[PDB]
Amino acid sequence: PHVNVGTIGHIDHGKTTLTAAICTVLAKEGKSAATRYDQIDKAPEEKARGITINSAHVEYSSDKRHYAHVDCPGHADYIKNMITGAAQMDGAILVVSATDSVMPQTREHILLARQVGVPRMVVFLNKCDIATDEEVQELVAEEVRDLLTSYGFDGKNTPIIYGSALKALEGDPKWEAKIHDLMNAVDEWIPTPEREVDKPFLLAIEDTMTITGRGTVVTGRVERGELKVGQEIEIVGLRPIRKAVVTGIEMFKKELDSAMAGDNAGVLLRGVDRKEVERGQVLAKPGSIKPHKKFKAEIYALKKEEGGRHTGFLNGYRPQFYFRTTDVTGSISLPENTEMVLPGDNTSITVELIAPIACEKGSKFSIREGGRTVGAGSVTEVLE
């Protein structure tokens, strides 16, 4: 079980150089492959549910943990990666050039990280081989700390390493030591992710089937947590919420006592009629998630050359919102002074659905029109 991290920050501040520096320094101890800057600086197109992103992925391990590291060419790739959940960062490495201090994309990545629930951050104050004046370095560091605090992060205790990603790539051991310092800070500051099996149980219902005399079997993938026979669940979304007692769990055709995250299982609910359950609802640990018709979210509207809309949309745009296994029609309201959202834009929106869906902070959804995906979103607030 590895830890997911990534290099965020303003363009040309040194994310890719730092990524190559980590891999190069760690490869000398046999803890990574010798990944070169030019392999990562290339924009490697990938596809994650309709959204095309240029994104690089490397792997390395520390003395304590193994890491999966994401790095992206463009600011637009970071927006797309974080909203869709294609990245999923247990912790972020914020690169800030000491010669430029905080820049607009530095703030946007930190805000997006707060909205998609990135727990913690470690800062690499880069280009200190250029900005050698310590008073300059401290002024940038104090600005980064204020920025982290203003967005809910622990600016006082966030580790900030003063280094040079370039000179570390060159083999200068004085600057290589900062790469070691950054790795220890990541080991100690970025928490090990909670296993999906310890989270509140959730299963997205795909099919229903009546077992005459006993109840109704609902089938779907357990997204997180663990369910046990005899436990009580809630059926959330679309229809009025209700509780049910699980009397059976089967996967192939064997009868199992439990189901956990990753399982595609049939769940027998005692006394529930097939008309009470439908696709799009979720089984959930009672009280762990609620139904909502109104929510706030950050969205990315796909460009025309990505299969998205060809023109912008206004207030009152009424598309379909795809949540896990089904779509629900909703109406979109826009923030003040945003009167048109164009293809390629990312913006906050407020959505009033016609039917309630089970959603929380961090729920992912696709915006669809005529069956094609025109945008992707991440729920930031349940507003009901």
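From 1 onward, residues are counted along the sequence shown.
Student: Mean C-alpha B-factor higher for 340 to 348, or for 28 to 36?
Tutor: According to the entry, 28 to 36 carries the higher average C-alpha B-factor.
Student: Please compare 153 to 161 with 253 to 261 and name the stretch with the higher mean C-alpha B-factor in the deposited structure.
Tutor: If you average the C-alpha B-factors of 153 to 161 and of 253 to 261, the larger mean comes out for 253 to 261.
Student: Among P73, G248, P200, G307, single out the one with the highest C-alpha B factor in the record, please.
Tutor: So the option with the highest C-alpha B-factor is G307.
Student: Ordered by C-alpha B-factor within the chain, which third holds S97? Give me lowest, middle or highest, please.
Tutor: Bottom third by C-alpha B-factor.
Student: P191: which third of its chain by C-alpha temperature factor?
Tutor: It falls in the middle third of the chain.
Student: Ranking the modelled residues of this chain by C-alpha B-factor as given in the entry, is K42 in the lowest, middle or highest third?
Tutor: For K42, the deposited C-alpha B-factor lands in the highest third.
Student: What third of the chain, by the recorded C-alpha B-factor, contains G370?
Tutor: Highest third of the chain for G370's C-alpha B-factor.
Student: Compared with the other modelled residues in the chain, in which third is the CA B-factor of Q231?
Tutor: Lowest third, going by the recorded CA B-factors of the chain.
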